[PDB]
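Colleague:
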Amino acid sequence: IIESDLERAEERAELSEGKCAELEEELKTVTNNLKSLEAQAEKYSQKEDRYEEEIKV
Amino acid sequence: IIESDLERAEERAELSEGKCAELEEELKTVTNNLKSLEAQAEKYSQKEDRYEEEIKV
Amino acid sequence: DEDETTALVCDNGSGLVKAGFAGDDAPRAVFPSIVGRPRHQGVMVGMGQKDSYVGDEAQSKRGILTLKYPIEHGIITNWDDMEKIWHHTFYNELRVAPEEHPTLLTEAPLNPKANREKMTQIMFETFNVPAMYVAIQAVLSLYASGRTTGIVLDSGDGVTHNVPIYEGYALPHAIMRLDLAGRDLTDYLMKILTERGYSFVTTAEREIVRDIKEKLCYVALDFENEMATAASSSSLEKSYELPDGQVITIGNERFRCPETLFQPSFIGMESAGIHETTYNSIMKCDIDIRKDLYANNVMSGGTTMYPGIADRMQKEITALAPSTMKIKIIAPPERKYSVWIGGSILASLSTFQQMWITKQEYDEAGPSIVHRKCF
Amino acid sequence: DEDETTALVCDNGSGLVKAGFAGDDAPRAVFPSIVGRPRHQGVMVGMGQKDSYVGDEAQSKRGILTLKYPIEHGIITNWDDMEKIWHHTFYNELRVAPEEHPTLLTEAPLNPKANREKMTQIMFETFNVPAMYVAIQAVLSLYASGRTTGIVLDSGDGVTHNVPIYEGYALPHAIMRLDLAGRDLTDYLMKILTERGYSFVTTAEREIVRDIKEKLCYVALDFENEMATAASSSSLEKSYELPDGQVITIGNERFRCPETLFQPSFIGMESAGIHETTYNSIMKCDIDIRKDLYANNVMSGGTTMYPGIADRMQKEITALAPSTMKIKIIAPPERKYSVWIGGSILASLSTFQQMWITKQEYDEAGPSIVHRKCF
Amino acid sequence: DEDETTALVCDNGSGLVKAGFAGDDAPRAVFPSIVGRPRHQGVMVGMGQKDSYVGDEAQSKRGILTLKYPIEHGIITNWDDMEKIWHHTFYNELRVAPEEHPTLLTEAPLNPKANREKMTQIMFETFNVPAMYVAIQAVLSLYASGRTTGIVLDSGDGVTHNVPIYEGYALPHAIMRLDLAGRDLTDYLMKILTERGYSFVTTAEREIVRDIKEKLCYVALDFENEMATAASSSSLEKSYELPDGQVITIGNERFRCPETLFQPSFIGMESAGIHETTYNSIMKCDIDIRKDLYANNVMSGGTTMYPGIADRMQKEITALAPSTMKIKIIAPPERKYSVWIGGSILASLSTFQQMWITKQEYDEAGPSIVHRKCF
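Chains as they are written, first to last, in this note's numbering: chain A, 28 to 84; chain B, 28 to 84; chain C, 2 to 376; chain D, 2 to 376; chain E, 2 to 376.
(1) Closer than 7 Å, Cβ to any Cβ of chain C: which residues of the region 89 to 117 of chain E, in chain order?
(2) Please list the partners that D/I65 has in chain E, where partner means a Cβ-to-Cβ separation under 7 Å.
(3) Taking the alpha carbon of D/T325 as the reference point, which residue from D/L350, D/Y295, D/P308 and D/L347 has its own alpha carbon closest?
(4) Using CA atoms only, rank isn't needed, just tell me which of D/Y219, D/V164 and D/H102 is closest to D/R313.
(5) What residues in the region 299 to 310 of chain C bring their beta carbon closer than 8 Å to a beta carbon of chain A?
(6) Figure out for me which residue from D/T121, D/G151, D/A182 and D/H102 has the closest Cα to the Cα of D/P131.
(7) With DSSP as the reference, please indicate the residues paired to C/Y167 in a beta bridge.
(8) Quick check on this structure: which residue in C/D212, C/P33 and C/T7 has the alpha carbon closest to the alpha carbon of C/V55?
(9) What residues match up with E/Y70 in a beta bridge as DSSP calls it?
(10) Mind reading off the beta-carbon distance from C/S345 to C/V135? Whole number of angstroms is fine, and I expect it under 8 Å.
(11) What residues in the region 70 to 81 of chain B bring their beta carbon closer than 7 Å to a beta carbon of chain A?
(12) To be precise: take each residue of the region 30 to 63 of chain A, compare its Cβ to all Cβ atoms of chain C, and keep it if any distance is under 7 Å. Which residues remain?
(13) According to DSSP, is E/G183 helix, strand or coil?
(14) Where C/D287 and D/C258 are concerned, what is the direct C-alpha to C-alpha distance, given to the nearest angstrom?
(15) Curious, which full-length beta strand (DSSP E) runs of at least 3 residues does the region 191 to 237 of chain C contain?
(16) Taking only beta-carbon atoms, is E/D158 less than 8 Å away from chain D?
(17) Return the chain-ordered ranges of every alpha helix (DSSP H) run that is complete within the region 283 to 336 of chain E and spans a minimum of 4 residues.
(18) Just checking my contact of C/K19 with C/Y307 at CB under 8 Å: how many whole Å lie between their CB atoms?
(19) Of the residues that make up the region 191 to 212 of chain D, which ones have a beta carbon closer than 7 Å to any beta carbon in chain C?
(20) Answer yes if the region 352 to 365 of chain C comes into contact with the region 153 to 164 of chain C, meaning at least three C-beta pairs across the two stretches below 8 Å, and no otherwise.
(21) Is E/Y199 close to the ligand GTP? I mean its beta-carbon at under 7 Å from any heavy atom of the ligand.
(22) What residues in the region 253 to 270 of chain D have a beta carbon less than 7 Å from any beta carbon of chain C?
(23) Report buried or exposed for C/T279, applying the criterion of at least 16 other Cβ atoms within 10 angstroms of its Cβ.
(24) Leaving out five residues before and five after C/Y189 in sequence, what residues of the same chain have Cβ atoms less than 7 Å from its Cβ?
(25) Might you give, ordered along the chain, the residues of its own chain that have their beta carbon closer than 8 Å to the beta carbon of E/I176, omitting 5 neighbours on each side?
(26) Please name the residues in the region 340 to 369 of chain C whose beta-carbon is closer than 7 Å to at least one beta-carbon of chain D, in chain order.
(27) Is the beta carbon of B/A68 closer than 8 Å to that of A/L64?
(28) Between which residues of its own chain and E/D2 is the CB-CB distance below 6 Å, once the five residues before and five after are set aside?
(29) Counting only beta-carbon atoms, is C/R29 nearer than 8 Å to chain E?
(30) Measuring straight from C-alpha to C-alpha, what distance separates C/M356 and B/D76?
(31) In the DSSP assignment, the alpha helix (DSSP H) including D/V340 goes from what residue to what residue?
(32) Could you tell me if E/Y92 is buried or exposed, where buried requires 16 or more neighbouring beta carbons within 10 angstroms of its beta carbon?
(33) Who are the near neighbours of C/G303 in its chain, counting only those whose CB is closer than 7 Å to its CB and skipping five residues on each side?
(34) Closest to C/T67 by C-alpha separation, out of C/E215, C/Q50, C/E84 and C/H41, would be which residue?
(35) Counting only Cβ pairs nearer than 9 Å, list the residues of chain C close to E/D180.
(36) Which two residues bound the contiguous beta strand (DSSP E) that contains C/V18?
Now the structure itself:
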């Protein structure tokens, strides 16, 4: 019974670990996108200025 | 051992669930930061476009 | 059984079959496109045992079954096996008999006639469906993706479609049927894992490698620097647990497999790969179309779930693409399930209620009717 | 090997290069305009095997080669490969040295300028030819056909040029040039045969389809009636043997491909078709020119060997032409082999000895001289 | 004993090692891949008796030894026993010192990588060989047969490789390695002979069953007709002498065992047989390759000596192949040894003297170098 609950609890660990890994992969994907977007938001803010400068010029 | 492994299987259910929940929060955090940076990068891309339109003008 | 005589929707690929009813936001069930058969002689008596197993039965009992796929790179060649998969799908998981509901099936238009003709015939003659509609995968993907314009990259198990659509119109001269798919990526991985000391040559082994690929592989936006390190260090290897408790670790091979999509020569294919094929589909469209397709490359189907794939594709296209212009990829979570989701959307549109073949028109005309009524 | 410094004539198109010497009746040898390269890793050692193959070598060893054409739509984009093709043409099969002979090359009148300039440079710098001339395809066709006045409709592998000529003079405002050619018909046939269960997407497959096209395809005189029967009965199918023993039959696809010349929309092209452009080349010329061009529709180039094409081209233009007047087509057994034949005739004319560019003027002016001296 | 500073050749399978010098047409000696060890308690003092026996020594004293094979399914795992076999092979029977001679070893391309790395390491570190080269058994078979093109079925003791080679190039995507070999046929025969009343379980008994197969077995051109009479009459039985004066008489088992080559399911393998692998190696190659591979199926190694095998294989492939096409088998008398000969040919070619890993490059890089230098 404990083993059956263990198997299910372990299954939950696996399902939850599955989700954990999936979220981790999504976390990293999103975080990697965050980072590319941090780079883009800054490059874009810089472009906001390069373009603003092209307008000023 | 089995009760201990149930406690561990359950601990792992809790740990992996706990961690996947932490990742859901980290994921939502980076997703929201991504959305913010994307919105920011997009606001800049929109400004880049406004300038591009004005650059063309 | 439902609250409306809603169409049933089944997206039957060379990999898996996704099914549910029109109007939902997900298939109710997914089955492997597999019919399994025992390769052993029975010894015990009164053991039950089927002549063939389907879908998830085929996979659960696979220890002694040979597993066959009725669909060959998008074409059903074995329709007796698809009828059994469908009966299981409709009656055991969806719990709805097609006799009371229209059914929507999907294919690439590039498919050489037999698939849409037999899909239409099976549902009208073995299931007595009151109506039928064979849909376009690019259409379904764009509805699911929130687009009317763009290129659908559906790089799934069978064939890559890469069809461009503008304002809801096909641009058919630019569609490049590509013999590079998820099934080939699996075969490549079986061979390179053999080199590492873990041979994979049987059905069970093929299913294991597909599972390894789906859980461990990624493409990488920069495969060259990734392999320079992955091929040099165990720190980039990921462990996979084999069904019998043994462990296999995979290093540069993890991405080497997905890389085939950009390096098709790995499987002996004479191709530029998916990024250049997508680029050429954009290029082949008129000059006032090209810009809208560059800005709207849309991921669908399978393999589009690999880490680094949206970035790998956008960067490769950007490298091939002209300057000034912004090249962009749309990669919705409705990935791999997007054709099914599109089926739900399309089946339910008011502007699509005249597109259905009734079980009258079908019998007066026969199965060749699919060429006049669907597309 | 000749008893005179006779010019060499090389009709270098986007298909095959026909080459021989001026004053003869026929080319000495013909070569695919191809340079081939292995797409495989060598396993056995001491097997010979080239890094690159040329012409017929490239075609004969094509089983493992990717084959590239240096000429696309009438223009050389790869002149390093053309140097190889010409080396082969001249030294391996014609076995002549251009250093001792003038050389005549051919192109369409609106072929982008880089083509004639690079052709001039290769022959003067790598072959050190004593003289050069780049000739007009329509001129060459008119000499071969015995005419000074007519429409030259040259529908070959690269482009359709369609230029009206009167009394040996261009009427350039009436050139109804069209970006529709035999190479597009080949691409269409690969796609339409893929739909019949015989996929053709690799180089070997492309060369096979071109061979299928040349032997099995036709345009017919009446498309709709031809398809009404071909689409209804197997009696109009024709078989073809593939190199590996496969047999393919083609039904209405046999003419639906070629029909794209009259209906360009079949491949996504925006065009009136070759017969309307032929008609307009006549119509856009002065009214006292039109009568002579109507009586002299000159057929040349590739695709002219499709059954029903000469009969159909006259029918299609006479149907657009005014009544009372007689409209006629000229389509001799010298069709398509008219550009080379014209090269032999032109190179040999005494009046043409004032047209040849010598390796004197060339050094002072450079290859740009072709734009001052040829046309 | 030898009169030239030539290369050495050793083809090391899971069965036997064929060794001699490059430039001959036969190994000097064949040494079984065996190291034997006594499994009984000694009782006499001063009567010699070794702790271990190597190669032919292991078989000569086998009555009280357990015999172990260092190589399994094509690769070396017991590297220590391989070094002992080689020391004996080279110094006692070939009468050479590898330190003064470059050495060629072999493997199948779809074997695990560790094999070529350990074989290379032993010769460089324990034998101090000046150079090394691990060859492809299929390459060696094509050199021995006078071919650059064909499908090679090398019939190993461990595995069967099944590789298409064209114009000296590998076509690796079409390799169909099969886990069926001479040791599996031997195991099948031990079980079938058990059904007849003769139990063979110990090393001496296992060696006998292998010997029975070698002298009594065949495949038959037509299995079902051969079994119809073999199963009905003593007229198709043959007696084998067991080394104690008793005999075993074998009937349809005589062919049912080799039949596993056409029916691998007999040993639990999921495979349609060696003719399927031959066929798919041709079929997965381009159509301009296929014609040359159909005409050049190559038999190499053992099992190729069974009555009915060359005729049966040609029949089994022509049955799957398209009509019109000529299917042909190459099966020279240099059976079971032609791969050794190929080793001799390659090792002594002038085209191969630049292919060697030297004992400079090895010392600087280590054994992983074999992966970059050999193939």
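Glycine included, every Cβ here is placed at the ideal spot set by N, Cα and C.
Modeller: According to the data block:
(1) Those would be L111, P113, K114 and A115, in chain order.
(2) Annotation: Cβ neighbours of D/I65 in chain E (cutoff 7 Å, chain order): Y167, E168, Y170 and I290.
(3) Comparing C-alpha distances from D/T325 to each of D/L350, D/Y295, D/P308 and D/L347 shows the shortest one belongs to D/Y295.
(4) Here the closest residue by C-alpha is D/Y219.
(5) Of all residues in the region 299 to 310 of chain C, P308 have a Cβ within less than 8 Å of some Cβ in chain A.
(6) Taking each of D/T121, D/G151, D/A182 and D/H102 in turn and checking the Cα distance to D/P131, the smallest one comes out for D/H102.
(7) Paired residues: C/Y170.
(8) The residue from C/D212, C/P33 and C/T7 with its alpha-carbon nearest to that of C/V55 is C/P33.
(9) Within the DSSP secondary-structure output, E/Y70 pairs in no beta bridge.
(10) Between C/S345 and C/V135, the beta carbon gap of about 15 Å keeps them out of contact (Cβ cut-off 8 Å).
(11) From the region 70 to 81 of chain B, only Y71, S72, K74, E75, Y78, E79 and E81 have a Cβ closer than 7 Å to chain A.
(12) Going along the region 30 to 63 of chain A in chain order, one finds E52 and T56 with a Cβ nearer than 7 Å to chain C.
(13) DSSP, reduced to helix, strand and coil, places E/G183 within a helical segment of the structure shown.
(14) About 22 Å.
(15) Here no run is fully enclosed.
(16) Not one chain D Cβ lies under 8 Å of E/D158.
(17) Counting whole runs of 4 or more residues, the region 283 to 336 of chain E contains the alpha helix (DSSP H) stretches 288 to 295 and 310 to 319.
(18) Rounded to whole angstroms, the Cβ separation of C/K19 and C/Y307 is 19 Å, and the two are not in contact under 8 Å.
(19) Here the close residues are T195, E196, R197, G198, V202, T203 and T204.
(20) These segments do not touch.
(21) Annotation note on the ligand GTP: not contained in the displayed structure, which lists no ligands.
(22) Going along the region 253 to 270 of chain D in chain order, one finds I268 and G269 with a Cβ nearer than 7 Å to chain C.
(23) With 16 or more other Cβ atoms within 10 Å, it is buried.
(24) Its chain contains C258, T261, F267 and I268 as the residues whose beta carbon lies nearer than 7 Å to that of C/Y189, once the 5 sequence neighbours on both sides are disregarded; these appear in chain order.
(25) These residues qualify, in order along the chain: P110, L111, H162, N163, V164, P165 and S282.
(26) Those residues of the region 340 to 369 of chain C that come within reach of chain D (Cβ to Cβ, closer than 7 Å) do not exist; the list is empty.
(27) Yes, they are a contact pair.
(28) These residues qualify, in order along the chain: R96.
(29) No, its Cβ sits nowhere closer than 8 Å to a Cβ of chain E.
(30) Between C/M356 and B/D76, the C-alpha separation is close to 41 Å.
(31) It spans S339 to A348 - the alpha helix (DSSP H) in which D/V340 sits, taken as one unbroken run.
(32) The residue is exposed, with fewer than 16 neighbouring Cβ atoms inside 10 Å.
(33) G16, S156, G157, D158, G183 and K337, listed in sequence order.
(34) Cα-wise, what sits closest to C/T67 is C/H41.
(35) Neighbours of E/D180 on chain C, chain order: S200, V202 and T203.
(36) For C/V18, the enclosing beta strand (DSSP E) has its first and last residue at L17 to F22.
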